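Undergrad: First the structure, then my questions, so here it is.
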Amino acid sequence: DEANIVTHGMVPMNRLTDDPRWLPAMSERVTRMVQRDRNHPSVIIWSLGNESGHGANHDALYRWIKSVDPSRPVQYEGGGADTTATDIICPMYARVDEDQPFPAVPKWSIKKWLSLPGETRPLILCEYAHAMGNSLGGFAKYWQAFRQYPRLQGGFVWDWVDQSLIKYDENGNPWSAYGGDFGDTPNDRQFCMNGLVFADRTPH
Amino acid sequence: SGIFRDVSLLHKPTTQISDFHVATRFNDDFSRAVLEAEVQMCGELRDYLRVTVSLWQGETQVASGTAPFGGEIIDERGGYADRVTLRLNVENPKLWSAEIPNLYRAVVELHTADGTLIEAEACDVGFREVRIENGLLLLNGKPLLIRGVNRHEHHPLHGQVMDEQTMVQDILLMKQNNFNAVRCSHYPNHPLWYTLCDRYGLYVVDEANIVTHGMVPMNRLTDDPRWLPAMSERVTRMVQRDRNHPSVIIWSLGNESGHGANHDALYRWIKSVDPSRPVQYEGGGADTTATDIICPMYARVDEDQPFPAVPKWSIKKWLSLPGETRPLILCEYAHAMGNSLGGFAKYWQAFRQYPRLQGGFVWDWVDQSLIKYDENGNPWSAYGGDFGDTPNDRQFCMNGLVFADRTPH
Ligand SMILES: [Mg+2]
Ligand SMILES: [Mg+2]
Ligand code: NA
Ligand code: NA
Ligand code: NA
Ligand code: NA
């Protein structure tokens, strides 16, 4: 269960989430989630949101949940996937063997990530195997690693269903439309279709 | 068998230096050090006795301390009246490493206060700090990468008698081939070896003479408390002999003797006596309570070899097992037997990628072949069985990167 907090387009990503004047607004998106969903047994992990970097407001709300509901781990990917606001190392698109040593927020080989000096936490990728178009090459590499490594406990594929919409041509025949096809600008074209199934649930 | 090392006669004064321990501790950035030397005596205790510990850098004396005997109060019965601890301040000390083996000379003078030198002992001092922090092995605050080899004391002509020429030839060759460490497999070495490593620059793993490999099971003796006295002396008398050598950075409790309660007692003993050096030991799973470092033998890079009770996990997998934190340096890897060393690069790609994979010790240095002579009087390299010896494990004595005569494989 993930809070409705995503500030991806900010520069830098944590500008709002580190700002204390945005703590009340953020808290209401975490606290009202827990108050609504906390009796559902299917909910096993809380998420503070997605792609909002890592700010002080995250740590505050992290602790709030741990104080209110000790029954569930709290995870959050932003700010390097292993901050003080996450019980689980939850990288997005961290490769199996290959390090992607980005400045400040590197994506380590998941196998390497676990055994970093001092690291003890479990690892579950909040996003992996971007299923965009003809994709999912090297999926077997992940599941080999998952089974061999106890503390590699799987991940969540990105993602389930293509985000294509229906448009009609002059004859009234339906076709799958993406970014741009509504005169929408700027747009990011087909990048909305990353599903394992088409929009009508036909398998890729 | 036989008298295979040096024999000597030492004259000591009645009132003598019976032991001396040298230690170096450092401020956060290693720009300041306190050299602490504990000196012990035998004979008549008198008020006129002193110890002077002076510290030399070539010809320049950088520090000196003089105190009478009688250590601090230890317990309710007092202290050691036959001991003294000298503490010398050393500014911006030249550090020791296999990279730059900077050495100081510490002279320990037992003398009358009025200036009668009774006797003097001495050693080379290497200002360096070894500690394991946050799962990493550190020398002077920096994570080591052990480019090591296992070395047996072997000569094709002389057997197990070591000589200076040979010892130097080994160290020249090792350092010429980018080795920075050596494992004393599997016993305390010739005294001159430690001196050479001090001077040329090699991190030494000093290992007790305890190997019970052919027991069934392997820890039958080492779990036996009746075998503790014999084992302890192999550990204690090692530490007492070599603890002053800067080149020695890690102690080892022996090799292939399983894991027994005697390994635990002794591990603790070294931790209590010598806080300066990590204690390692491979037996009984290579990650037991008897070792500060995960030190498997022949664990593969990616492949698990999951034997019951004592599995050899993929070194990458091993580090991140539930609850595990310690550094991994294989006490033995890459068996260099005959045409071997295939898959070596796989190790070094892993060592580098993974911080807590800090290297290993190749098995091993020299082929243990012996010279034999034929009907024409021509020399040839011989192995297991060639001396009528039986049972024998044939050519398994030859697993070196160099031949018996030190010619490279
Ligand atoms: Mg655009
Ligand atoms: Mg045989
Ligand atoms: Na798993
Ligand atoms: Na998308
Ligand atoms: Na390393
Ligand atoms: Na061998």
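We name chains A, B, ... following the order of the structure tokens; residues begin at 1 in each chain, and ligands are numbered from 1 as shown.
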Report as a list in words which protein, DNA and RNA residues come within 12 Å of ligand 4, using only C-alpha atoms and all ligand atoms.
TA: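 Listing the residues within 12 Å of ligand 4 gives residues 127, 130, 131, 132, 133, 157, 158, 159, 160, 161, 162, 163, 164, 178, 179, 187, 188, 189, 190, 191, 192, 193, 194 and 195 of chain A.
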Undergrad: Please dump the current selection as a tab-separated table (two decimals), in the first residue's frame; keep N, CA and C atoms.
TA:
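To be explicit, this is the file written out as again_25.tsv:
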```tsv
chain	number	residue	atom	x	y	z
A	127	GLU	N	10.61	-1.99	-8.39
A	127	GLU	CA	10.42	-2.00	-9.84
A	127	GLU	C	11.61	-2.68	-10.52
A	130	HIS	N	11.48	-3.81	-16.80
A	130	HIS	CA	10.63	-2.88	-17.54
A	130	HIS	C	10.10	-3.56	-18.81
A	131	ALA	N	8.82	-3.94	-18.76
A	131	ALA	CA	8.19	-4.74	-19.80
A	131	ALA	C	7.64	-3.91	-20.96
A	132	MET	N	8.46	-2.99	-21.46
A	132	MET	CA	8.06	-2.07	-22.53
A	132	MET	C	8.31	-2.67	-23.92
A	133	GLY	N	7.22	-2.92	-24.64
A	133	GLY	CA	7.29	-3.49	-25.98
A	133	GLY	C	7.85	-4.88	-25.94
A	157	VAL	N	7.57	-6.38	-10.90
A	157	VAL	CA	7.78	-6.05	-12.31
A	157	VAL	C	7.08	-4.74	-12.69
A	158	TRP	N	7.74	-3.94	-13.52
A	158	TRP	CA	7.08	-2.78	-14.12
A	158	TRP	C	6.76	-2.99	-15.60
A	159	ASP	N	5.47	-3.11	-15.94
A	159	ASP	CA	4.38	-3.22	-14.97
A	159	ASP	C	3.29	-4.13	-15.54
A	160	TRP	N	2.11	-4.13	-14.92
A	160	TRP	CA	1.05	-5.07	-15.28
A	160	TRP	C	0.40	-4.83	-16.64
A	161	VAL	N	-0.18	-3.64	-16.83
A	161	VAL	CA	-0.98	-3.35	-18.01
A	161	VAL	C	-0.51	-2.09	-18.75
A	162	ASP	N	-0.45	-2.18	-20.08
A	162	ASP	CA	-0.23	-1.03	-20.96
A	162	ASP	C	-1.22	0.08	-20.65
A	163	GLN	N	-0.73	1.32	-20.66
A	163	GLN	CA	-1.60	2.49	-20.50
A	163	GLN	C	-1.92	3.10	-21.86
A	164	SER	N	-2.55	2.31	-22.72
A	164	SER	CA	-3.02	2.80	-24.00
A	164	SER	C	-4.51	3.09	-23.91
A	178	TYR	N	-1.37	6.36	-27.69
A	178	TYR	CA	-0.45	6.69	-26.61
A	178	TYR	C	-0.11	8.18	-26.52
A	179	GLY	N	0.97	8.49	-25.81
A	179	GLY	CA	1.40	9.87	-25.61
A	179	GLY	C	1.50	10.64	-26.91
A	187	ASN	N	4.72	15.52	-24.42
A	187	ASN	CA	4.35	14.15	-24.07
A	187	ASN	C	5.55	13.22	-24.16
A	188	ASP	N	5.40	12.01	-23.63
A	188	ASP	CA	6.48	11.03	-23.65
A	188	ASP	C	6.09	9.77	-24.41
A	189	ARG	N	5.38	9.99	-25.52
A	189	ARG	CA	5.04	8.95	-26.51
A	189	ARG	C	4.64	7.59	-25.93
A	190	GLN	N	5.26	6.52	-26.42
A	190	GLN	CA	4.86	5.16	-26.05
A	190	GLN	C	5.34	4.70	-24.68
A	191	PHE	N	6.08	5.56	-23.98
A	191	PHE	CA	6.64	5.23	-22.66
A	191	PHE	C	5.60	4.91	-21.57
A	192	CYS	N	4.32	5.07	-21.91
A	192	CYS	CA	3.21	4.73	-21.02
A	192	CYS	C	2.80	3.26	-21.14
A	193	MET	N	3.29	2.58	-22.18
A	193	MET	CA	2.97	1.18	-22.40
A	193	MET	C	4.14	0.29	-22.02
A	194	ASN	N	4.09	-0.22	-20.79
A	194	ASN	CA	5.16	-1.05	-20.24
A	194	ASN	C	4.59	-2.31	-19.62
A	195	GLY	N	3.42	-2.73	-20.11
A	195	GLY	CA	2.68	-3.82	-19.51
A	195	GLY	C	3.09	-5.22	-19.95
```
Undergrad: Find the spatial neighbours of residue 150 (chain A), counting only C-alpha atoms, within a cut-off of 10 Å - ignore same-chain residues fewer than 3 positions away - and output them as a VMD selection string.
TA: (chain A and resid 122 to 123 145 to 147 153 to 154) or (chain B and resid 317 320 to 322)
Undergrad: Would you please work out which residue, of B:289, B:378, B:134, B:247, is nearest to chain A when using only C-alpha atoms?
TA: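 Closest to chain A of all the choices is B:134.
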Undergrad: If you count only C-alpha atoms, which residues fall within 10 Å of region 349-360 of chain B, apart from same-chain ones fewer than 5 positions away, as a VMD selection string?
TA: (chain A and resid 97 to 99 108 to 109 111 to 113 115 to 118) or (chain B and resid 134 to 137 143 to 150 181 to 183 294 to 298 301 to 302 315 to 316 318 to 320 325 to 334 344)
Undergrad: Please identify all polymer residues within 7 Å of residue 120 (chain B), counting only C-alpha atoms, omitting same-chain residues fewer than 2 positions from it, and present them as a PyMOL selection string.
TA: chain B and resi 107-110+122
Undergrad: Save out the residues we just selected, C-alpha atoms, as an mmCIF file, in the first residue's frame.
TA:
```
data_model
loop_
_atom_site.group_PDB
_atom_site.id
_atom_site.type_symbol
_atom_site.label_atom_id
_atom_site.label_comp_id
_atom_site.auth_asym_id
_atom_site.auth_seq_id
_atom_site.Cartn_x
_atom_site.Cartn_y
_atom_site.Cartn_z
ATOM 1 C CA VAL B 107 66.106 -0.079 21.501
ATOM 2 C CA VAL B 108 65.237 -1.498 24.914
ATOM 3 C CA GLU B 109 67.945 -0.797 27.502
ATOM 4 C CA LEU B 110 67.888 -2.448 30.929
ATOM 5 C CA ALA B 122 65.874 -4.421 20.054
#
```
Undergrad: In Å, with one decimal, what is the gap from CA of residue 135 (chain A) to CA of residue 196 (chain A)?
TA: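 Answer for the CA of residue 135 (chain A) to CA of residue 196 (chain A) separation: 9.1 Å.
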Undergrad: Using DSSP secondary structure from the backbone, list all alpha helix (DSSP H) positions within region 44-179 of chain A, as a list in words.
TA: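 Matching residues for alpha helix (DSSP H) in region 44-179 of chain A are residues 56, 57, 58, 59, 60, 61, 62, 63, 64, 65, 66, 67, 68, 110, 111, 112, 113, 114, 139, 140, 141, 142, 143, 144, 145, 146, 147 and 148 of chain A.
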Undergrad: So, with only C-alpha atoms as the atoms that count, which of B:27, B:392, B:314, B:169 lies closest to chain A?
TA: B:314
Undergrad: Give me, as a ChimeraX atom specification, the set of residues whose atoms come within 8 Å of any atom of ligand 2, counting only C-alpha atoms and all ligand atoms.
TA: /B:390-394
Undergrad: Identify, on the basis of only C-alpha atoms, every residue whose closest approach to residue 86 (chain A) does not exceed 12 Å; exclude the query and any residue fewer than 3 positions from it along the same chain; express the result as a JSON list (two decimals) with N, CA, C and O atoms, in the first residue's frame.
TA:
```
[["chain", "number", "residue", "atom", "x", "y", "z"],
["A", 45, "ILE", "N", 2.99, -4.45, 3.64],
["A", 45, "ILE", "CA", 4.02, -3.41, 3.67],
["A", 45, "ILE", "C", 3.38, -2.05, 3.37],
["A", 45, "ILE", "O", 2.51, -1.95, 2.51],
["A", 46, "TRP", "N", 3.81, -1.02, 4.09],
["A", 46, "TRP", "CA", 3.42, 0.35, 3.76],
["A", 46, "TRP", "C", 4.49, 1.01, 2.90],
["A", 46, "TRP", "O", 5.69, 0.76, 3.09],
["A", 47, "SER", "N", 4.07, 1.85, 1.97],
["A", 47, "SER", "CA", 5.01, 2.63, 1.18],
["A", 47, "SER", "C", 4.76, 4.12, 1.33],
["A", 47, "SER", "O", 3.61, 4.57, 1.24],
["A", 48, "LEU", "N", 5.83, 4.87, 1.55],
["A", 48, "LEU", "CA", 5.76, 6.32, 1.78],
["A", 48, "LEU", "C", 5.51, 7.11, 0.50],
["A", 48, "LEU", "O", 5.32, 8.32, 0.53],
["A", 49, "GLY", "N", 5.51, 6.40, -0.63],
["A", 49, "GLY", "CA", 5.28, 7.03, -1.93],
["A", 49, "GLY", "C", 6.24, 6.51, -2.98],
["A", 49, "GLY", "O", 6.66, 5.36, -2.93],
["A", 54, "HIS", "N", 14.64, 11.85, -1.24],
["A", 54, "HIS", "CA", 14.55, 11.59, 0.19],
["A", 54, "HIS", "C", 14.72, 12.89, 0.97],
["A", 54, "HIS", "O", 15.76, 13.55, 0.88],
["A", 58, "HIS", "N", 10.05, 12.44, 4.93],
["A", 58, "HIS", "CA", 10.00, 10.99, 4.78],
["A", 58, "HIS", "C", 10.32, 10.28, 6.09],
["A", 58, "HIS", "O", 9.59, 9.37, 6.49],
["A", 59, "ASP", "N", 11.38, 10.72, 6.76],
["A", 59, "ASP", "CA", 11.82, 10.11, 8.03],
["A", 59, "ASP", "C", 10.76, 10.27, 9.11],
["A", 59, "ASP", "O", 10.47, 9.33, 9.86],
["A", 60, "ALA", "N", 10.18, 11.47, 9.18],
["A", 60, "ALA", "CA", 9.09, 11.75, 10.11],
["A", 60, "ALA", "C", 7.93, 10.78, 9.91],
["A", 60, "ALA", "O", 7.52, 10.09, 10.84],
["A", 61, "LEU", "N", 7.44, 10.71, 8.67],
["A", 61, "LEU", "CA", 6.29, 9.86, 8.35],
["A", 61, "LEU", "C", 6.63, 8.38, 8.42],
["A", 61, "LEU", "O", 5.77, 7.56, 8.75],
["A", 62, "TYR", "N", 7.88, 8.03, 8.12],
["A", 62, "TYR", "CA", 8.37, 6.68, 8.33],
["A", 62, "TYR", "C", 8.14, 6.29, 9.78],
["A", 62, "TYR", "O", 7.56, 5.25, 10.07],
["A", 63, "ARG", "N", 8.59, 7.15, 10.70],
["A", 63, "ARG", "CA", 8.51, 6.86, 12.12],
["A", 63, "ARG", "C", 7.06, 6.84, 12.61],
["A", 63, "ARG", "O", 6.70, 6.01, 13.45],
["A", 65, "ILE", "N", 4.38, 5.82, 11.03],
["A", 65, "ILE", "CA", 3.83, 4.50, 10.72],
["A", 65, "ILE", "C", 4.37, 3.42, 11.67],
["A", 65, "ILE", "O", 3.59, 2.63, 12.21],
["A", 66, "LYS", "N", 5.68, 3.41, 11.88],
["A", 66, "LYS", "CA", 6.31, 2.44, 12.78],
["A", 66, "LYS", "C", 5.77, 2.57, 14.21],
["A", 66, "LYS", "O", 5.79, 1.61, 14.97],
["A", 72, "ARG", "N", 3.55, -3.96, 10.26],
["A", 72, "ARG", "CA", 3.99, -3.93, 8.87],
["A", 72, "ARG", "C", 5.28, -3.14, 8.67],
["A", 72, "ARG", "O", 5.43, -2.04, 9.20],
["A", 73, "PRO", "N", 6.23, -3.70, 7.89],
["A", 73, "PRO", "CA", 7.40, -2.94, 7.48],
["A", 73, "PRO", "C", 7.03, -1.72, 6.64],
["A", 73, "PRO", "O", 5.98, -1.71, 5.98],
["A", 74, "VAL", "N", 7.87, -0.70, 6.68],
["A", 74, "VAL", "CA", 7.70, 0.49, 5.86],
["A", 74, "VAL", "C", 8.83, 0.55, 4.85],
["A", 74, "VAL", "O", 10.00, 0.44, 5.21],
["A", 75, "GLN", "N", 8.48, 0.70, 3.57],
["A", 75, "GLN", "CA", 9.49, 0.81, 2.53],
["A", 75, "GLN", "C", 9.32, 2.07, 1.69],
["A", 75, "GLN", "O", 8.20, 2.59, 1.54],
["A", 76, "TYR", "N", 10.43, 2.56, 1.16],
["A", 76, "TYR", "CA", 10.44, 3.69, 0.25],
["A", 76, "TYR", "C", 11.74, 3.71, -0.53],
["A", 76, "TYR", "O", 12.81, 3.55, 0.04],
["A", 77, "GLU", "N", 11.64, 3.91, -1.85],
["A", 77, "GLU", "CA", 12.79, 3.78, -2.74],
["A", 77, "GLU", "C", 13.64, 5.04, -2.86],
["A", 77, "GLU", "O", 14.86, 4.97, -3.01],
["A", 78, "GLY", "N", 12.98, 6.20, -2.81],
["A", 78, "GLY", "CA", 13.64, 7.47, -3.11],
["A", 78, "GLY", "C", 14.91, 7.74, -2.34],
["A", 78, "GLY", "O", 15.10, 7.25, -1.22],
["A", 79, "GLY", "N", 15.79, 8.52, -2.96],
["A", 79, "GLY", "CA", 17.02, 8.98, -2.32],
["A", 79, "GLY", "C", 18.11, 7.94, -2.19],
["A", 79, "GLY", "O", 19.03, 8.12, -1.40],
["A", 80, "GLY", "N", 18.01, 6.86, -2.96],
["A", 80, "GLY", "CA", 19.06, 5.84, -3.00],
["A", 80, "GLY", "C", 18.64, 4.42, -2.63],
["A", 80, "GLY", "O", 19.50, 3.53, -2.54],
["A", 81, "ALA", "N", 17.35, 4.22, -2.40],
["A", 81, "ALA", "CA", 16.77, 2.89, -2.15],
["A", 81, "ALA", "C", 17.13, 2.24, -0.81],
["A", 81, "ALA", "O", 16.61, 1.17, -0.48],
["A", 82, "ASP", "N", 18.01, 2.88, -0.04],
["A", 82, "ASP", "CA", 18.47, 2.31, 1.24],
["A", 82, "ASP", "C", 18.63, 3.36, 2.35],
["A", 82, "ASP", "O", 19.48, 3.22, 3.24],
["A", 83, "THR", "N", 17.80, 4.40, 2.29],
["A", 83, "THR", "CA", 17.83, 5.49, 3.27],
["A", 83, "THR", "C", 17.38, 5.05, 4.66],
["A", 83, "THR", "O", 17.12, 3.87, 4.90],
["A", 89, "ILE", "N", 15.56, -2.61, 1.41],
["A", 89, "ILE", "CA", 16.28, -2.08, 0.26],
["A", 89, "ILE", "C", 15.41, -2.39, -0.94],
["A", 89, "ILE", "O", 15.19, -3.56, -1.28],
["A", 90, "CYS", "N", 14.90, -1.35, -1.57],
["A", 90, "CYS", "CA", 13.90, -1.52, -2.62],
["A", 90, "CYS", "C", 14.24, -0.75, -3.90],
["A", 90, "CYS", "O", 13.46, 0.12, -4.32],
["A", 91, "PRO", "N", 15.37, -1.08, -4.55],
["A", 91, "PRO", "CA", 15.79, -0.31, -5.72],
["A", 91, "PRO", "C", 14.85, -0.48, -6.90],
["A", 91, "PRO", "O", 14.19, -1.52, -7.03],
["A", 121, "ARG", "N", 19.82, -5.34, 5.71],
["A", 121, "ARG", "CA", 18.39, -5.39, 5.36],
["A", 121, "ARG", "C", 18.07, -6.31, 4.18],
["A", 121, "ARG", "O", 18.94, -6.58, 3.36],
["A", 122, "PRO", "N", 16.82, -6.81, 4.11],
["A", 122, "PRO", "CA", 16.36, -7.56, 2.94],
["A", 122, "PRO", "C", 16.21, -6.68, 1.69],
["A", 122, "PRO", "O", 16.03, -5.46, 1.80],
["A", 123, "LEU", "N", 16.28, -7.30, 0.51],
["A", 123, "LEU", "CA", 16.18, -6.57, -0.76],
["A", 123, "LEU", "C", 15.05, -7.09, -1.65],
["A", 123, "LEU", "O", 15.03, -8.27, -2.02],
["A", 124, "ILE", "N", 14.12, -6.20, -1.98],
["A", 124, "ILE", "CA", 13.01, -6.50, -2.87],
["A", 124, "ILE", "C", 12.82, -5.31, -3.79],
["A", 124, "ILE", "O", 12.44, -4.23, -3.34],
["A", 126, "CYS", "N", 11.32, -2.64, -5.91],
["A", 126, "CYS", "CA", 9.98, -2.10, -6.06],
["A", 126, "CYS", "C", 9.60, -2.01, -7.53],
["A", 126, "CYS", "O", 8.41, -1.97, -7.87]]
```
Undergrad: Quick one: residues within 10 Å of region 214-229 of chain B, only C-alpha atoms counted, chain neighbours fewer than 4 positions away excluded, as a PyMOL selection string?
TA: chain B and resi 210+233-234+256-266+283-284
Undergrad: Selection from above, N, CA and C atoms, as an mmCIF file, in the first residue's frame, can you write it?
TA:
```
data_model
loop_
_atom_site.group_PDB
_atom_site.id
_atom_site.type_symbol
_atom_site.label_atom_id
_atom_site.label_comp_id
_atom_site.auth_asym_id
_atom_site.auth_seq_id
_atom_site.Cartn_x
_atom_site.Cartn_y
_atom_site.Cartn_z
ATOM 1 N N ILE B 210 48.972 -26.339 14.371
ATOM 2 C CA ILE B 210 47.917 -27.287 14.729
ATOM 3 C C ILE B 210 47.153 -27.707 13.480
ATOM 4 N N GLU B 233 49.859 -24.229 23.765
ATOM 5 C CA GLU B 233 51.277 -23.901 23.637
ATOM 6 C C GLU B 233 51.669 -23.602 22.200
ATOM 7 N N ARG B 234 50.986 -24.246 21.262
ATOM 8 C CA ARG B 234 51.221 -23.991 19.850
ATOM 9 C C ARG B 234 50.692 -22.622 19.440
ATOM 10 N N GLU B 256 42.681 -26.971 9.046
ATOM 11 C CA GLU B 256 42.004 -28.260 8.895
ATOM 12 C C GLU B 256 42.062 -29.128 10.151
ATOM 13 N N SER B 257 41.364 -28.667 11.178
ATOM 14 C CA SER B 257 41.244 -29.390 12.433
ATOM 15 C C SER B 257 39.800 -29.303 12.917
ATOM 16 N N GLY B 258 38.878 -29.114 11.970
ATOM 17 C CA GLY B 258 37.455 -28.918 12.263
ATOM 18 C C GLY B 258 37.234 -27.712 13.151
ATOM 19 N N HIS B 259 36.079 -27.653 13.809
ATOM 20 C CA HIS B 259 35.863 -26.661 14.861
ATOM 21 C C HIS B 259 35.590 -27.344 16.189
ATOM 22 N N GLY B 260 36.467 -27.090 17.154
ATOM 23 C CA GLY B 260 36.324 -27.631 18.501
ATOM 24 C C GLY B 260 36.317 -26.519 19.529
ATOM 25 N N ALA B 261 35.856 -26.839 20.737
ATOM 26 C CA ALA B 261 35.829 -25.878 21.839
ATOM 27 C C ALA B 261 37.227 -25.325 22.166
ATOM 28 N N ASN B 262 38.267 -26.115 21.890
ATOM 29 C CA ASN B 262 39.643 -25.649 22.051
ATOM 30 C C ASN B 262 39.968 -24.479 21.120
ATOM 31 N N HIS B 263 39.330 -24.446 19.950
ATOM 32 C CA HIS B 263 39.498 -23.322 19.027
ATOM 33 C C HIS B 263 38.878 -22.053 19.598
ATOM 34 N N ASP B 264 37.760 -22.204 20.309
ATOM 35 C CA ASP B 264 37.082 -21.071 20.926
ATOM 36 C C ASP B 264 37.881 -20.466 22.075
ATOM 37 N N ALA B 265 38.316 -21.316 23.006
ATOM 38 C CA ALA B 265 39.155 -20.900 24.136
ATOM 39 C C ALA B 265 40.384 -20.129 23.671
ATOM 40 N N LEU B 266 41.062 -20.676 22.660
ATOM 41 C CA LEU B 266 42.296 -20.091 22.134
ATOM 42 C C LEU B 266 42.066 -18.793 21.364
ATOM 43 N N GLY B 283 38.604 -24.026 9.880
ATOM 44 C CA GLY B 283 37.952 -25.290 10.227
ATOM 45 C C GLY B 283 36.504 -25.192 10.670
ATOM 46 N N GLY B 284 35.747 -26.249 10.394
ATOM 47 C CA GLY B 284 34.366 -26.361 10.849
ATOM 48 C C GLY B 284 33.365 -25.461 10.157
#
```
Undergrad: If the limit is 9 Å from any atom of ligand 6, counting only C-alpha atoms and all ligand atoms, which residues qualify? Return them as a ChimeraX atom specification.
TA: /B:335,337,363-364,368,393,395-400
Undergrad: Selected residues, C-alpha atoms, written as a short mmCIF file (atom, residue, chain, number, x, y, z; two decimals), in the first residue's frame, please.
TA:
```cif
data_model
loop_
_atom_site.label_atom_id
_atom_site.label_comp_id
_atom_site.auth_asym_id
_atom_site.auth_seq_id
_atom_site.Cartn_x
_atom_site.Cartn_y
_atom_site.Cartn_z
CA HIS B 335 44.65 -24.62 -6.69
CA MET B 337 48.20 -27.95 -9.54
CA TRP B 363 47.53 -22.38 -3.08
CA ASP B 364 50.39 -22.45 -3.31
CA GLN B 368 57.09 -29.60 -3.19
CA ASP B 393 49.14 -39.08 -2.56
CA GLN B 395 51.81 -35.66 -7.39
CA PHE B 396 49.42 -33.79 -5.04
CA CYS B 397 52.48 -32.30 -3.32
CA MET B 398 53.05 -30.15 -6.42
CA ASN B 399 50.53 -27.29 -6.56
CA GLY B 400 52.86 -24.31 -6.94
#
```
Undergrad: Within 12 Å of residue 174 (chain A), counting only C-alpha atoms, which residues show up once you throw out same-chain ones fewer than 6 positions away? Write them as a ChimeraX atom specification, please.
TA: /A:164-168
Undergrad: With C-alpha atoms kept, could you save the residues just selected as a PDB file, in the first residue's frame?
TA:
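Dumped to out22.pdb:
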```pdb
ATOM      1  CA  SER A 164      -3.020   2.799 -24.001  1.00  0.00           C
ATOM      2  CA  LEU A 165      -6.349   4.487 -24.632  1.00  0.00           C
ATOM      3  CA  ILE A 166      -8.921   3.837 -27.345  1.00  0.00           C
ATOM      4  CA  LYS A 167      -9.239   6.304 -30.209  1.00  0.00           C
ATOM      5  CA  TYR A 168     -11.519   6.079 -33.250  1.00  0.00           C
TER       6      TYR A 168
END
```
Undergrad: CA of residue 86 (chain B) to CA of residue 37 (chain B): how many Å, to one decimal?
TA: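 CA of residue 37 (chain B) lies at a distance of 5.1 Å from CA of residue 86 (chain B).
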